[PDB]
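Protein chains in written order, with the authors' numbering: chain c, 24 to 310; chain A, 98 to 145; chain E, 38 to 87; chain U, 478 to 749; chain a, 283 to 376; chain D, 71 to 140; chain Z, 5 to 290; chain F, 75 to 99, 120 to 147; chain C, 59 to 108.
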Amino acid sequence: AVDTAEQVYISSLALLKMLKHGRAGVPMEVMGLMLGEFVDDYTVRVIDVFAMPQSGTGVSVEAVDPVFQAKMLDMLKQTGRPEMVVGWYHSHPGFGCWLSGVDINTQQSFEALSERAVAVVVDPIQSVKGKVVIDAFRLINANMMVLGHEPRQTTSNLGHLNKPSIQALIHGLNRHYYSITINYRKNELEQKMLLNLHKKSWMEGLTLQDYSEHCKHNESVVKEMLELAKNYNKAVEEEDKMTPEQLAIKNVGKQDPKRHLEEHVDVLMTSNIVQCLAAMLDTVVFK
Amino acid sequence: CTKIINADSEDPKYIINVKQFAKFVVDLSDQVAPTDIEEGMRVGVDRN
Amino acid sequence: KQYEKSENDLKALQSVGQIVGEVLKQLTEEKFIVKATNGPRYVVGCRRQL
Amino acid sequence: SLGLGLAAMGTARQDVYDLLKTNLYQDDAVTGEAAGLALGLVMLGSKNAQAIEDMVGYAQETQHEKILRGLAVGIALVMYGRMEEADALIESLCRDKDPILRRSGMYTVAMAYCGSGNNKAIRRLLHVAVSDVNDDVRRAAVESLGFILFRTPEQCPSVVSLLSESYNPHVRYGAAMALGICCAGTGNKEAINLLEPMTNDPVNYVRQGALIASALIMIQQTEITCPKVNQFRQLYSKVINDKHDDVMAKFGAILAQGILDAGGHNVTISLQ
Amino acid sequence: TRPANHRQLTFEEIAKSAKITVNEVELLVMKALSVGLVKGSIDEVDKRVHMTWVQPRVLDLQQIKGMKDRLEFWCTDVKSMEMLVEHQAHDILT
Amino acid sequence: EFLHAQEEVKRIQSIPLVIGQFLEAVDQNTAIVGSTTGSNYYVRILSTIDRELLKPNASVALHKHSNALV
Amino acid sequence: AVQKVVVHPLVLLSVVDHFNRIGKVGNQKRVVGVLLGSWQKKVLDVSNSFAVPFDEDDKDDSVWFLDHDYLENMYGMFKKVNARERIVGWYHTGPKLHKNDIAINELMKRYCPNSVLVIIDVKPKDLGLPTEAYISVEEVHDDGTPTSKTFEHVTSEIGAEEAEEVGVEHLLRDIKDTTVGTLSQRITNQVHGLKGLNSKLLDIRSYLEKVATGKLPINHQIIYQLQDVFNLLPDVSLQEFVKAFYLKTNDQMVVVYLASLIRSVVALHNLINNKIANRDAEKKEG
Amino acid sequence: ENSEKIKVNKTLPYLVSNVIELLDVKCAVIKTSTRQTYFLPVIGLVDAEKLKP
Amino acid sequence: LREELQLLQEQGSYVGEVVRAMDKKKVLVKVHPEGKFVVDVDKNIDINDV
Ligand SMILES: [Zn+2]
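Here is the structure:
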């Protein structure tokens, strides 16, 4: 009985507790615990995340408070749901993700206690634009050290979700742990109530921004579009057989031919239509 | 390697400079004898 | 009175610092050019209502 | 159970059907692929009352997904060529928000509409091939093209001409297998013209399926029959003696050596 | 009494119903503007008094009945002419 | 998809950027820039900036991580 | 007097899960929990929450349990892991509030004096209402009414934060529509913007039907006196507002002769450039 | 228990520095031996009357 | 455009002056603000090109 290509399920609230606790203590490598359920042999799920108080030692086994462990679990049994811990996490701000020296020491304690106890490393400050730098890892033994680690077998969902990155494989990858696959438990009864409630405005759709700011904009764009038409005349009346595909590449200027064309005309079209349709509907509805 | 400014009683309380880096206040380790940590002495200092 | 000082210290445990700099010039309404006292230059913004 | 469902395939025998039910209700994670595939094979082309109903009733409350993927093909395989009688089931599985079950309906609309140029099928299957969000169900859309169009292999290069040129590799992957299963053993040279940039893709696994589909099309074809045989035998031999490709990249190559000389050049593949 | 249908009131209606003389309707309405229970204006070449009114008070259940009928005309104008826009622009809606 | 490509490009320039100086131009869209942190670099640049503003020198904005011209 | 509350989008979410925790045995149809918040200004902010074991019986409808002991120690733990956070109020669900809510609110005002409750709607998620916030005032009562508790209104909204909108955008990835799409998107903004115009109308339709009928007591203070202010200003006076419509001609003028001509002439270039490239590649094929 | 927590939170290194001035709106400016100037809203485990520039 | 966006999201290179080359695809480079370095070459560049 040995590993395969596993799968990690995370709940929607779990990821939100990761990025919020990472954004809170952005300099000093925050630490917390990960609470879920072992559903089968080789897929792990997590439903809940609660953090840890800050220890002066740092991210290690000494940052784990056993009296804050059991008494926090004492409350969650009688309210919500009791379940077994399945792992832990921390935050590593100075890089993306790889298990460091004091990372790997406290991992050995957890895999001695649990079956797997999957680590999770998240950089909070790298994730900016629309994506998150989250990845989960899991330590390997020394029994197959001259053999091929990660004993994976009959599947084809292993080549996805990441190739081993060179900022991560320069450290303990791949002869020390292995990387694991993470998708999201995307659910209904949460997805639309997050979407429609976060981005919404009722009366904005038929406002006017009315005319003194708008006729000035219609005044402006036509004036350079006149000179854009004069520059459009200049290339059309030119029309010389100087190998015109080579004549165009020696006359590149980030300019007229069709790019600096009707793009403005489309904006002039859409602005006045939405302005006039809002004007005509408002005369219709109100008295 | 570094240099030591001084020490305080009942504890390490060791004040150590680099003259290029900053000045730390650190602890002695287990492999030292606490007598031969005289002032102005070059000493091997951990990185972490 | 002693417990008051302890709870003030538990409150006093999140002063992650602030970086001291000086405004060089004003770029836009919410973009500025500042410089650290020993470091490089930056383009920054304000909080909300500064 | 895989051996029992394969040897008793299409029997509609009650006794093998009964112990496969109590195998299914063991609720083990790893035999769910084993129970679901064999339960369809003993009920192939049956359209039974209790077979569809118990399998579609069991496929929501379970906790694993190997249990779901075995029953995914199984409820696709319980109906076969009914050609109008699955339409309530086809509408039911795709409207659900389960991604495996939507994928399961795509294999069901493939097997109920085998070899027929159904306009309603090619409209609806291509419709979810555009607008759906999960990659796995989008593949089973563009993989099901050969199952409904293998009788007339001429339309298949025309319709997958731009399906091979999407932006995601998953649509391009099932596009490559669609060339492999629509045209069975023809010396087409038009599909082979399409597969040449398909085996020269940046992404590895769509090249893999291009190698397998190139192996499926040209078994038992000499160089005088079509001039692309020995071109690809040395291309298979190049990438299998190559070192710096993936195991994923070379799994299709060693498999292509097994396909191309299968049966000692005595048998072929022909759905027709 | 007339809820802004044609709220430009003529001077003789004030001078009769208040039974005040004609020359003192202007000093009467400048006082009501000075207090601030109305925010209208005064013409004198036509002597019609234009009205914009923001002061609220009680409205005695019978005037809810007339307010219901005006709200019901308000209903079918909004409802039906939205069905015109949706049925016209259905194919670019999505 | 062409609009989402426009969106993720046109929000690379709203970041608390660092300030450097343009030094040399190699070829099409790749240059040497020296930062105010020193330690002279070599990065690729965008596809938007008109190249008639970088003739010997320019006060320029730089990315944090990829350190590109912005 | 609180200006408005700000819904951090973790708290609601963390009400949905705990309604789903007890939902396998859920027949109480209500979940009371403690609303953690960050008091900033007259405007209020909400960052976190947790739950409490709660029972209630409709029989005698005053028999219920918050747990003070559970409320002391678990909030003490959230104080220890985060010194920024404190209590600001509580919440419950099951969109019809019940008669007990005077008792819960007047109890736990001894934790924060200007405490505030927020009703979420876990099952209703459809038209126009994310949440609602209530507040308590006790004046004499009015000019002439008997005194009571009288839950009042605080306006509400859904706020956000940097490094949690990243979790918003990356977890959804479903429809991903931008506001751009100015032909198709802005017309639909006018469509369902007007589909709420009759929705608020059908709500004000139903209210004065059941109070003109005369069931519920007429709120003489605000419920129509604010409507008495309202019902005078759809001014549609014609013969000068008729002369608004050469500016309509002016807004039309830019569309007609500029945008229809140039768009046609540019596509006419694509004809001759193709008809040349058609046959001059055809005559050189042989 | 609080004093035990402060005991384990005064570990391990102490980066020495220089206080340049003090303000109220309690506030202080710190220059380290890395020659970097910092500012605080909250001073810490000392008394402001016990300190000076 | 997507290929243009991915290649720009990548860490920049360092500039350093070559003093003179070692043997077997190794050179001797001080960058600017550091010590010298003996590094390895890529595929497309050669010793004779240095
Ligand atoms: Zn770590």
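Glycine included, C-beta positions come from ideal geometry on N, C-alpha and C.
Looking at residue i: is its Cβ nearer than 8 Å to the Cβ of residue j?
| i | j | result |
| --- | --- | --- |
| residue 292 of chain c | residue 263 of chain Z | yes |
| residue 136 of chain D | residue 64 of chain C | no |
| residue 141 of chain c | residue 82 of chain c | no |
| residue 295 of chain Z | residue 57 of chain Z | Past the edges of chain Z, shown from 5 to 290, lies residue 295 of chain Z, and the structure says nothing about it. |
| residue 709 of chain U | residue 658 of chain U | no |
| residue 83 of chain F | residue 43 of chain E | no |
| residue 61 of chain c | residue 109 of chain c | yes |
| residue 583 of chain U | residue 617 of chain U | yes |
| residue 134 of chain A | residue 123 of chain A | no |
| residue 231 of chain Z | residue 228 of chain c | no |
| residue 360 of chain a | residue 235 of chain Z | no |
| residue 139 of chain D | residue 101 of chain D | yes |
Looking at ligand 1, does it come within less than 7 Å of residue i, judged from the CB to the closest heavy atom?
| i | result |
| --- | --- |
| residue 192 of chain c | no |
| residue 144 of chain c | yes |
| residue 84 of chain c | no |
| residue 44 of chain c | no |
| residue 78 of chain c | no |
| residue 126 of chain c | yes |
| residue 125 of chain A | no |
| residue 721 of chain U | no |
| residue 199 of chain c | no |
| residue 132 of chain c | no |
| residue 123 of chain c | yes |
| residue 113 of chain c | yes |
With DSSP run on the structure shown, which of helix, strand or coil describes residue i?
| i | result |
| --- | --- |
| residue 727 of chain U | helix |
| residue 117 of chain D | coil |
| residue 67 of chain E | coil |
| residue 114 of chain Z | helix |
| residue 91 of chain D | strand |
| residue 30 of chain c | strand |
| residue 590 of chain U | coil |
| residue 111 of chain A | strand |
| residue 111 of chain D | strand |
| residue 331 of chain a | strand |
| residue 121 of chain F | strand |
| residue 140 of chain Z | strand |
| residue 741 of chain U | helix |
Can you name the residues of chain c whose CB is closer than 9 Å to the CB of residue i?
| i | result |
| --- | --- |
| residue 78 of chain D | 152 and 153 |
| residue 83 of chain F | 77, 78 and 79 |
At 9 Å on the CB atoms, spell out the chain D contacts of residue i, in chain order.
| i | result |
| --- | --- |
| residue 192 of chain Z | Simply none; closest approach about 16 Å. |
What in chain a is Cβ-close to residue i, meaning under 9 Å?
| i | result |
| --- | --- |
| residue 195 of chain Z | 364, 367, 368, 371 and 375 |
Counting only Cβ pairs nearer than 7 Å, list the residues of chain Z close to residue i.
| i | result |
| --- | --- |
| residue 58 of chain D | Shown here, chain D extends from 71 to 140; a query on residue 58 of chain D therefore has no answer. |
Give the interface partners of residue i over in chain U, defined as CB-CB distance under 7 Å, in chain order.
| i | result |
| --- | --- |
| residue 211 of chain c | 574 |
**OP:** Determine which residues of the segment 106 to 139 of chain A have a Cβ less than 7 Å from any Cβ of chain F, and write them out in chain order.
**Re:** Result list: 119, 120, 121, 122, 123 and 124.
Original post:
Just by C-beta distance, which residues in the segment 224 to 251 of chain c are closer than 9 Å to chain Z?
Top reply: Those residues of the segment 224 to 251 of chain c that come within reach of chain Z (Cβ to Cβ, closer than 9 Å) are 224, 225, 226, 227, 228, 229, 234, 237, 238, 241, 244, 245 and 248.
Subject >> Chain-ordered residues of the segment 104 to 122 of chain D with a beta carbon less than 8 Å from chain E >> reply: Of all residues in the segment 104 to 122 of chain D, 105, 106 and 107 have a Cβ within less than 8 Å of some Cβ in chain E.
Original post:
For the segment 124 to 146 of chain F, which residues have a beta carbon sitting closer than 8 Å to at least one beta carbon of chain E?
Top reply: Against chain E - using a Cβ distance shorter than 8 Å - the residues of the segment 124 to 146 of chain F are 129, 130, 131, 132, 133, 134, 135, 136, 137, 138 and 139.
Subject >> Members of the segment 79 to 96 of chain D near chain C, C-beta cut-off 7 Å >> reply: Listed by position, the residues of the segment 79 to 96 of chain D near chain C (Cβ gap below 7 Å) are 79.
**OP:** Residues of the segment 43 to 55 of chain E with a CB closer than 9 Å to any CB of chain c: list them in chain order, please.
**Re:** Within the segment 43 to 55 of chain E, contact with chain c at the beta-carbon level (separation under 9 Å) is assigned to 50, 51, 53 and 54.
**OP:** Residues of the segment 81 to 97 of chain c with a CB closer than 8 Å to any CB of chain U: list them in chain order, please.
**Re:** Answer set for the segment 81 to 97 of chain c: empty.
**OP:** Return the residues of the segment 45 to 67 of chain c that lie within a Cβ-Cβ distance of less than 7 Å from chain E, sorted by chain order.
**Re:** Under the 7 Å Cβ criterion, the segment 45 to 67 of chain c contributes 50.
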